[PDB]
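A closer look at the structure
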Amino acid sequence: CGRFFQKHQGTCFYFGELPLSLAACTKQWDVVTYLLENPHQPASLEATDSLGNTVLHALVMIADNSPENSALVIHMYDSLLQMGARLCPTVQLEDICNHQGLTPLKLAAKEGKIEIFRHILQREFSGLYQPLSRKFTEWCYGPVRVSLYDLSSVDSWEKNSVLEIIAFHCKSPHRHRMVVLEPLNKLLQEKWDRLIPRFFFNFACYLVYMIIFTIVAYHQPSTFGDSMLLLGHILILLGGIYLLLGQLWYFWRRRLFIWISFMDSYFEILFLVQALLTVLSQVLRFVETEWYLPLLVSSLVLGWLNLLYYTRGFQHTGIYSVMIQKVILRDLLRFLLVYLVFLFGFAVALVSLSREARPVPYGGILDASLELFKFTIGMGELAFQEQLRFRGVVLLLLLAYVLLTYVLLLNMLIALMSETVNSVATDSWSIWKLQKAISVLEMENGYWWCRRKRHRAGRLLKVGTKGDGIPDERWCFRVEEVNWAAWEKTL
Amino acid sequence: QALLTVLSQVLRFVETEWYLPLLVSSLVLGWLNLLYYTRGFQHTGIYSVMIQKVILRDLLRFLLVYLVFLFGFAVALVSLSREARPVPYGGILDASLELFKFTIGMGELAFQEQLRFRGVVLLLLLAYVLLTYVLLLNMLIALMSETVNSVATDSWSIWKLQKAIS
Amino acid sequence: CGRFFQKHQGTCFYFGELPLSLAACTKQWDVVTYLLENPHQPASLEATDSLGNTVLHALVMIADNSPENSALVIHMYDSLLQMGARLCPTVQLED
Ligand SMILES: CC(C)CCC[C@@H](C)[C@H]1CC[C@H]2[C@@H]3CC=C4C[C@@H](O)CC[C@]4(C)[C@H]3CC[C@]12C
Ligand SMILES: CC(C)CCC[C@@H](C)[C@H]1CC[C@H]2[C@@H]3CC=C4C[C@@H](O)CC[C@]4(C)[C@H]3CC[C@]12C
């Protein structure tokens, strides 16, 4: 456990700080056998390091997304697992918990590994070493294949599953491709199909609440009507506090998720803000302060815009929302910065001028900035102000501002939006798949007041007998597929 | 169009005041129906097919989001603007019409000093302008560009099928 | 005409519910000849199923747009038509 051996930033190379792990990680398929079959002092394959990793953990840590590195990692992983089958058949090397509490499959997901993780998720072996496999084939009748994928530690029925690690714990920039591979993709779609009624019931309840919000905010004073108004008032106080409690529970449960993915939620912050503003407005109304209506109407705007959360759940409109977000993030803040610099330079210049008399426009900085923004809209006034003999300077400044802003910046913004939308069309689908995944994982749990029963997804299949005694049964996931390509090579 | 024309002609006999709207709606629809006979030529028929595909794909999502923005901000502006320290934003229809005027290019963005909620109204109007005029319309142009680029290849075969049906 | 053999949504594989159609659809160019040239009990190539499809209908139903599937389907279609030319020249299997 040296500094040069520990995994950190700088001069380091982590390999598990064990001779067997070092031999396995360096593609030496000559001495690994001798490290176990030496009669004088055999080594234990299930040995662990100070950090808590084993040889398989060491192998998955060194994995990258490079093709050669993947070839090495899967080759050595399979070979070492096969060797472990022949040395200690009783104890399995697959289930060895780290000090963090992660198996090799979960470590492949948290660390952001995509090539070794995919192979572990779908691996097959021949008749010998059959039990140490994930994907099985039930029957190959004709050209239709029935694949059984093992759902060990990947279904959300357990406490810390792979699906909860990809969607909440992985902090890789491009984890959305991890939730699109076959096994997981057939599972998430089925879970989503099972959860359509709950999603749309939540949407309907929120829509009714927002309609009540609009009704109470509209029909309010500058009796029976007063009774209904008070009823709606208290009802919306309760609704706001309910939303606040739900969002607070979400953030308490995901305290370490905001740092990991801060632009992947951006709807829980908005919901929390809306609920907080509603509660504050309702409680502040009692103080009879004049700043009730602005808070109420700001909360109303935010609530009516929050339906874009429930926008996703459909194929096209959710991808549209994802593209909206990506356009907002990438090519809208640079343009805003440059445009604001231009605006607040020219406004100051016009305010400095225009007091040279040979109401008056460009009185203050706010008025000049507003006029220039009117130029941006399409309602700006470009007139030859003959009142003051600095006519030419004002006209030339206005024309230069128009040329630099209306012609350059907005049209170039349209061009940049076109480029961004063209570029991110491919990734837009996978990001929306990940959004469904997060929504489904939230929906498997109940609310902050009710606990939904865990509907264990999967089927118990006769996969054959374990290596010692009577048959071993594991919960698999069935998928039928038609493939003429792999059927021609079995006959 | 034919049903509306027949209904308008028969309803004229009843001397009901709702003859002219039916007649003029039928007239609009009939004059737009010539886009059927548009196809039959190489370029203009493919143009019509592209028009249809643009309408179907990237015009209903934008319409949905734009309507949500519009009818949120209109309600918010109607709720405000009665705080006197005709008056604009009287009803929901008037506020929605003003916001659509913003969409056109004829919207009025003025510093209403009549009522001391000046700042809130100005900030809501500016936020609506930023979210709609700058984001949504330009992004719509971008999406139309992407769709037209994508479906240029299939546009010819669809027009061939249209000739086949004709 | 079983549920697993009928073409529907779910667990199914339609092949014409006939032994000759099954042999033709599975790329077995060894037993199709024997299904017709057995002296004891020959089979009729123009046989039809309960739904009404024949062996050529069964072949075209299993066709997809995949290249390997197309290669199989056209190969067996041509071979079976050529065989039908040499067995019952009077009656055509196309119609
Ligand atoms: C509060 C009023 C006065 C000003 C507007 C501030 C709010 C509404 C702004 C700040 C950030 C903005 C959001 C940022 C993210 C997105 C992208 C997509 O998901 C739909 C629009 C949406 C959700 C925006 C809606 C408007 C928004 C929520
Ligand atoms: C009736 C008036 C008041 C409102 C307009 C409603 C009608 C005209 C709308 C509804 C659907 C629209 C049509 C939808 C399909 C197309 C695409 C292309 O083929 C030419 C335009 C055309 C034909 C549109 C013309 C206008 C249209 C026909």
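Basis of the calculations
- Per chain, the count goes from 1 following the written sequence and can depart from the entry's numbering; residues without coordinates do not appear at all.
- Lettering for chains starts from A, numbering for ligands starts from 1, and both go in the order in which the items are written.
- Any value you read here covers just the chains shown, which are one part of a larger assembly.
- Values reported for side chains reflect all heavy atoms of the structure, with hydrogen atoms and water molecules removed beforehand.
- A contact between two residues is defined here by any heavy atoms of the two lying within 4.5 Å.
- Take the accessible area each of two parts loses on contact, using a 1.4 Å probe, and add the two losses: that sum is the buried area.
- Side-chain atoms alone can form a polar contact between residues adjacent in sequence; in general such a contact is a pair of N or O atoms within 3.5 Å, and within protein one must be able to donate a hydrogen while the other accepts it.
- The axes are straight lines fitted to the C-alpha atoms, using for helices just the contacting stretch, and the angles between their N-to-C directions are given from 0 to 180°.
- Only DSSP runs of H or I reaching four residues or more are called helices, and only runs of E reaching two or more are called strands; each is numbered from the N terminus.
- What sets the label is the angle itself: under 35 degrees gives roughly parallel, over 145 gives roughly antiparallel, 65 to 115 gives roughly perpendicular, and the rest give oblique.
- Ten residues, namely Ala, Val, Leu, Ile, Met, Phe, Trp, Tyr, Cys and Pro, are considered nonpolar, four, namely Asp, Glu, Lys and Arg, are considered charged, and the remaining ones, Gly among them, are considered polar.
- Any carboxyl oxygen of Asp or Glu that lies within 4 Å of a side-chain nitrogen of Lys or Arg is treated as forming a salt bridge with it.
- Throughout this document, a residue counts as near a molecule or strand when at least one of its heavy atoms sits within 4 Å of that molecule or strand.
- For the area figures, the Shrake-Rupley method with a 1.4 Å probe applies, and any residue is considered shielded solely by the protein chains shown.
- Summary of the burial criterion: residues with accessible area below 20% of their type's maximum are buried, those above 50% are exposed, and those between are partly exposed, where the area comes from a 1.4 Å probe applied to protein chains only.
- Two strands qualify as a pair provided DSSP detects at least 2 bridges between them.
- Each crossing gets its hand from how the near helix is turned against the far one by less than a right angle, where anticlockwise is left-handed and clockwise is right-handed.
- Any two rings among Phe, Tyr and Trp, with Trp reduced to its six-membered ring, count as a pair given centres within 6.5 Å; such a pair is stacked if its planes are under 30 degrees apart, edge-to-face if over 60, and tilted if neither.

Its PDB header attributes the entry to cryo-EM and lists the resolution as 3.17 Å.

**Some details on the interface of chain A and chain B**
Tallying the contact residues gives 37 residues for chain A and 41 residues for chain B. A buried area of about 3800 Å², summed over both sides, lies between chain A and chain B, and 79% of it is on carbon and sulfur atoms. It is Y218, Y320 and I377 of chain A that lose the most area in chain A upon contact with chain B, and together they represent 17% of the buried surface on that side. Here chain A is connected to chain B by two residue pairs in polar contact.

**Structural notes on the packing of helix α7 (residues 182–194) of chain A against helix α8 (residues 196–218) of chain A**
All names here are of chain A. Where α7 meets α8, the axes come as close as 4 Å, and the angle between the chain directions of the two elements is 55°. Here α7 is positioned oblique relative to α8, judged by the angle of their axes. Where α7 approaches α8, its residues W192, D193 and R194 are matched on the opposing element by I196, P197 and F199. Of the residues belonging to the contact of α7 with α8, the class tally is four nonpolar, no polar and two charged.

**Notes on the interface of chain C and chain A**
In this complex, chain C contributes twelve residues to the contact, which on the side of chain A involves eight residues. Summed over both partners, the interface of chain C with chain A comes to about 930 Å²; 74% of that surface belongs to carbon and sulfur atoms. Between chain C and chain A we count one salt bridge in total. Measuring nitrogen to oxygen at the nearest pair gives 4.0 Å for the salt bridge that ties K27 of chain C to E488 of chain A. Run the count over chain C and chain A and you get one residue pair in polar contact. Partitioned by chemical class, the residues of the side of chain C that touches chain A number eight nonpolar, three polar and one charged.

**Looking at the site of ligand 1**
Lining the immediate environment of ligand 1, one finds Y266, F267, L270, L305, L308, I324 and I328 of chain A together with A127 and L131 of chain B. In this structure, ligand 1 sits where chains A and B come together, each supplying nearby residues. At 2.8 Å, a side-chain N or O of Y266 of chain A approaches an oxygen atom of ligand 1. Contact with the protein chains removes 74% of the 580 Å² of surface that ligand 1 exposes when unbound. Mapped by element, the contributors of at least two residues to the shell around ligand 1 are α14 (315–330) of chain A together with α7 (118–150) of chain B. For the shell around ligand 1, the residue count by class is nine nonpolar, no polar and no charged.

**Quick word on the pairing of strand β2 (residues 144–150) of chain A**
All names here are of chain A. Along β2, seven of the seven residues are buried, which leaves the element largely enclosed by surrounding structure. Residues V144, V146, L148 and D150 line one face of β2 and the alternating positions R145, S147 and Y149 line the opposite face, and both faces are buried. As defined by bridge partners, strand β1 (residues 135–137) adjoins β2 across three bridges and the pair is classed as antiparallel. Residue pairing for β2: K135 is matched across the bridge by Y149. As consecutive antiparallel partners, β1 and β2 are separated by six residues, and within that stretch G142 has a phi angle of approximately 60°, a positive value. Pairing between β2 and strand β4 (residues 471–482): seven bridges, direction antiparallel. Note on β4: the bridge partner recorded for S147 is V479.

**Quick notes on the packing of α8 of chain A against helix α9 (residues 224–253) of chain A**
Residues and elements named next belong to chain A. Across the interface, α8 lies against α9 with an axial gap of 10 Å and an inter-helix angle of 135°. As far as their axial angle goes, α9 and α8 are oblique. Two packed elements cross with a definite hand, and for α8 against α9 that hand is left-handed. Where α8 approaches α9, its residues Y209, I212, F213 and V216 are matched on the opposing element by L229, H233, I236, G239 and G240. Split by residue class, the contact of α8 with α9 holds six nonpolar, three polar and no charged.

**Some thoughts on the packing of aromatic side chains**
Residue and element names in this part refer to chain A. One pass over the structure, following the stated rule, counts 38 aromatic pairs over all chains. Ring plane angle 50° and centroid distance 6.0 Å describe the contact between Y206 and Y209, whose orientation is recorded as tilted. Here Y206 and its partner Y209 are both found in helix α8, three residues apart, which amounts to about one turn of the helix. Taken as a pair, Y206 and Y209 share a single burial class, namely buried. A centroid spacing of 5.4 Å and a plane angle of 20° characterise the contact between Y447 and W449, whose relative ring orientation is stacked.

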